[PDB]
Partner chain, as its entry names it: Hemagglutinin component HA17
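Let's start with one chain on its own, the form deposited without its partner chain, as structure tokens.
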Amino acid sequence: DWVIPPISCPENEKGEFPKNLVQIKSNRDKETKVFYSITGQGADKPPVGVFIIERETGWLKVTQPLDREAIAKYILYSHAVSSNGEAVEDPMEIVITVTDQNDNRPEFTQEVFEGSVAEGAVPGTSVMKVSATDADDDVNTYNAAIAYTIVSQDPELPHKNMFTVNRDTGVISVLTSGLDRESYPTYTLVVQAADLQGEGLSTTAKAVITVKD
């Protein structure tokens, strides 16, 4: 059977609703007056009424802004019924794909990460790892591509850049020498996670490093 390929519809649509997606048609339009309807999740099943269809023209419409992180794909079924009340077609499967917008900030797995390092650890020694997730599309876009940075260091002694972070993995390492437990035993690093490879939306968390003997 001839069918419509999956329809792509962007999430967070702005403006006037409803918006047209595609028009369906039964070739038995000539034989009899045909009326169109839709069933399935997104139509008559939860969430109800997100998609509607014009009964006479066959225009499939969307009634509200979509959220890809709530529902990313819809499977509907179109129906064709004559004025006499007989179904003139077998129900057609209609797929609606929701396409991504960068509307989710990266989120750290927890607010405070804790770590420790030996005082005499050589520069380049891995200490700890911070991690973040992103709810956006990590398959099609860079909307979930997280880059890690260090925003600030407290205290800024003996130098303000005692540690560094790997922007891909989130691993925090000793950058320079001069760590000293009996001078400055604790460091609070404010770490940032930004999507779009570092260019987009961002969030911050804390990395608390304790200096050991």
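Numbering follows the first chain given and starts at 1. Rigid core: the largest C-alpha set superposing within 1.5 Å between the two forms.
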Next on the checklist: So, looking at the entry's B-factor column for Cα atoms, which has the higher mean, 118-126 or 95-103?
Outcome noted: 95-103
Item to check | Entry-level comparison of average CA B-factors, 63-71 and 180-188, reporting the higher stretch | outcome: 63-71
Checklist outcome for this item: Sorting the chain's modelled residues by C-alpha B-factor and splitting them into thirds places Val139 in the highest
Checklist outcome for this item: The third of the chain into which the C-alpha temperature factor of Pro155 falls is the middle
Next on the checklist: When the deposited Cα B-factors of this chain's modelled residues are ordered and cut into thirds, is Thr39 in the lowest, the middle or the highest one?
Outcome noted: middle
Checklist outcome for this item: Chain thirds by Cα B factor, record data; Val208 belongs to the lowest
Checklist entry - Thinking about Cα B factors across the chain, which third does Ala145 belong to? => result middle
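Form solved in complex with its partner chain: not shown, discussed below.
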Checklist entry - Using 4.5 Å between non-hydrogen atoms, is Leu201 touching its partner chain in the deposited bound form? => result yes
Checklist entry - Is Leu196 close to its partner chain in the deposited bound form, meaning a heavy atom pair under 4.5 Å apart or at it? => result yes
Checklist entry - So, in the deposited bound form, is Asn102 in contact with its partner chain at a 4.5 angstroms heavy atom limit? => result yes
Item to check | Sole member of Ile146, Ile53, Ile172, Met162 with a C-alpha shift of at least 2 Å between the shown form and the other one (core-superposed) | outcome: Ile53
Checklist entry - When the two forms are laid on each other by their rigid core, does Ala132 show a Cα shift of 2 Å or more between the shown form and the other one? => result no
Checklist entry - Taking the rigid core as the reference frame, is the Cα of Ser37 displaced by 2 Å or more between the shown form and the other one? => result yes
Next on the checklist: If I superpose the two forms on their rigid core, does the C-alpha of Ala87 end up displaced by 2 Å or more between the shown form and the other one?
Outcome noted: yes
